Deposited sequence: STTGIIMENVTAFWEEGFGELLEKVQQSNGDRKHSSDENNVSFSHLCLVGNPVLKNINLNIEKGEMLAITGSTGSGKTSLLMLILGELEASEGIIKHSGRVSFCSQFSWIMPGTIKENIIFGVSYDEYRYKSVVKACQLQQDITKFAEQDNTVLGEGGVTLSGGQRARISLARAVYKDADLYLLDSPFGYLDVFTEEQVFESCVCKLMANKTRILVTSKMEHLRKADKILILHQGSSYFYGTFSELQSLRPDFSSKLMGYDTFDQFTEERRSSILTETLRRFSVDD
C-alpha cells in the first residue's frame, strides 16, 4: 500500500557513515564518533522501528538531533539494510535531502532535471513550492542560469528549488528531509500548506521536521531518540500517551518560528527529561 516497517533493526555497516557525511551546531558533540568503531562493535543505528503508513498519508518524523532521522530515510532508499524485521514498500521513491544540491543550468533545468517536461505539471510545482516570488525578482525568471552551485541564492531559495525537483518527480513515495529549516519562516509555512498539504495530499510522503504544526497536520508521527522510537502514533495519541512532552512543546507561543537549531535543542532537551 504505502509503507510498512515491522520490528526493524539496522546495524552500522562499512561506508554508511561516509555516505551520511556526503550529504553536505552539535558537530562538537560528534568529535569522538568513529564510524569504524561502530562497525567493529556491532551497533544499531536504528532499533525496533515500527510503522504502518497508508497510501496518501503523511508521516512526520521528528526527534532529538542525531537520533537517526536521515538514517531511516536511507533505510528506505536501500543504502542501509534491515538486519532484523520487515520493510514493505514498492515503487519509485523520490528523495529530497537535507543538503540542497544545484546542477549547472537554469532554475527550470534544475527542477526538471533528468525528467520529461510537462507544462501543467511544472507550473503547478513552481507555484506550490512558492518559487514564483523568487523567480520574479530575476531578469530571466526561471530561465536564470545558476552560474554557481546556486551559491549566491538564499538557503531557502536553494531548498525550494531542491524541494520542487523532488516533488516534480513522479513517484510513489516522497522522502522530504528537513526542507523547512531556514530563516524565511513565513514562506516555509505557505510552502508546507501549499505543497505538502494540498498539492501532495494524495501522495504517500515522509517529512522529517522540527515544527509542531507538521506533527499536528500529519497522519502519523514518529519521534526518534538515540535510534529508537520514542513515540509512534497519531497527534491525539501523542498528547495522551506523552503528556509531558506535549504540554512542554505546545506550551510555547510561537515555537515553529524559533530557529531550526533552537527547535532541535528544545526537542532534544525535552526528550531527555521525559524517558
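- In sequence order, the deposited residues that have no C-alpha coordinates form the ranges 1 to 2, 27 to 32, 284 to 286.
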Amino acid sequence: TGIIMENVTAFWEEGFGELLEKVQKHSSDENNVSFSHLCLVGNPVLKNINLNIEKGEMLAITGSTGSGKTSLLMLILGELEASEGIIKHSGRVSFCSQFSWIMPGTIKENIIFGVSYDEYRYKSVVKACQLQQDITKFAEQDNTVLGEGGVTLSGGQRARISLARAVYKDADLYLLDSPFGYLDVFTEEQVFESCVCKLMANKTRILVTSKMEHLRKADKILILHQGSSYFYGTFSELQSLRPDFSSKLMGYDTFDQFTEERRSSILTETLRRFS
From here on, numbers count along this sequence of modelled residues.
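Between two forms, the rigid core is the largest collection of C-alphas that superpose within 1.5 Å.
- Where the structures in 6 other deposited structures of this protein are fitted on the rigid core, 146 to 154 is the one of 73 to 81 and 146 to 154 whose C-alphas sit farther from the shown form on average.
- Of the other compared PDB entries of this protein that include residues on both sides, at least a third leave residue 33 without atoms.
- In the comparison with other entries of the same protein, residue 265 is given coordinates in all of those covering both sides of it, so it never reaches the one-third threshold.
- Higher mean CA temperature factor between 73 to 81 and 156 to 164: 73 to 81, per the PDB entry.
- Of the two segments examined, 114 to 122 and 174 to 182, it is 114 to 122 that shows the higher average Cα temperature factor in the deposited entry.
- Between the residues 90, 97, 204, 94, the entry's highest C-alpha temperature factor is the one at 90.
- Among the modelled residues of the chain, residue 148 sits in the highest third by CA temperature factor in this PDB entry.
- Per the PDB record, residue ranking by Cα B-factor puts residue 139 in the lowest third of the chain.
- Looking at the C-alpha B-factors along this chain, the one for residue 33 belongs to the highest third.
- For residue 102, the recorded CA temperature factor ranks within the middle third of the chain's modelled residues.
- For residue 197, the recorded CA temperature factor ranks within the middle third of the chain's modelled residues.
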